[PDB]
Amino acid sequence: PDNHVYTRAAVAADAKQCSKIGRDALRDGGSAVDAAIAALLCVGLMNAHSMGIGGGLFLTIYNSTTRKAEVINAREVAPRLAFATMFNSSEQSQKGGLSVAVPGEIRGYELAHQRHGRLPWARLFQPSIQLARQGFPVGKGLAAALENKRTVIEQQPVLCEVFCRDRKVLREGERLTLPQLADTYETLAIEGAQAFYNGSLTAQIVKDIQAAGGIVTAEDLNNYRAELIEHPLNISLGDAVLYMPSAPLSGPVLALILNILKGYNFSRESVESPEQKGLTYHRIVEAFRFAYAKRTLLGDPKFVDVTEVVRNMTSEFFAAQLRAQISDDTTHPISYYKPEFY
């Protein structure tokens, strides 16, 4: 057992030091958004294989005073020069500069902090600047990721520069320092988000992406905007409401899974015997299959009309129609679930 219960406030991040950094932000009077940003900056170091200021994010945010939820969309976008047939293999779409979309992360932090910040912007970075300079023992997750990608890392000197000790990937417990990123975080702390998108970091970002075969330009960075979504997707689940992002994220899929399953009235009894438990897990898998059949119609709703698709995916009646096609004694072939592309 490994329980953690807190009377006032809590941060659950994927590395303890980052949870502590978020918690300290709260304790210093920060908002939930301040804490999230401070912790995110830290996770970008401690689990650098997973996320960071070179990527993008979504935030779902709830204000307990207004009782309103909102979503901040700061996912990366295809550069202006991108086009539908730009890749001819998976490798081309996965490695090198051409695989890079315009980063949204820092403009996402900026928008969130403008709307909900209490602590100064620079305060959010301070702990991570120290951590990046002091270094930290490589944790379980990053260690396994380094092992997984040891070949590509060890063969790329710019990566091995930080992710290796004596030419081999760092192992769990070995110290990782990120001194260049520490200086970049310091620049962001002092100069603001503008440094990334239209300021002192911008030309170098473009140079780096283009040198690796990419097509991101300064105009792409200058024009990037995080988006406020005042009406996130929701579903009713009993006496509760679940807020989650719509397309281009997977809220519609999650909604459909849960709406299919809620009609079974699962409870503790659903897992109390092997017989009940077996049927219950079968039903879960069948709900997943139905939901994924519908997912292939989704895309960025600014570019594709997904209004009716999402309407169905979040409709309880539509879910009931799918639930009625779940057979208790068998799964089915792919076509049974009516996957759709058009």
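Throughout, we count residues from 1 along the sequence that is shown.
Taking the mean C-alpha B-factor of each stretch as recorded, 133-141 and 76-84 are not equal, and the higher mean is that of 133-141. When the C-alpha B-factors of 271-279 and 55-63 are averaged, 271-279 comes out higher.
Out of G108, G173, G214, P245, it is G173 whose C-alpha atom has the highest B-factor in the PDB entry.
Taking the PDB entry at face value, the top CA B factor among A35, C42, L297, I284 belongs to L297. In this PDB entry, the Cα temperature factor of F317 sits in the top third of its chain's modelled residues, the highest group. Sort the chain's modelled residues by C-alpha temperature factor and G238 lands in the highest third, per the entry. Annotation for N265: CA B-factor lies in the highest third of the chain's modelled residues. When the CA B factors of the chain's modelled residues are split into thirds, the value for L256 lands in the lowest one. Split the chain's modelled residues into thirds by C-alpha temperature factor. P127 is in the middle one.
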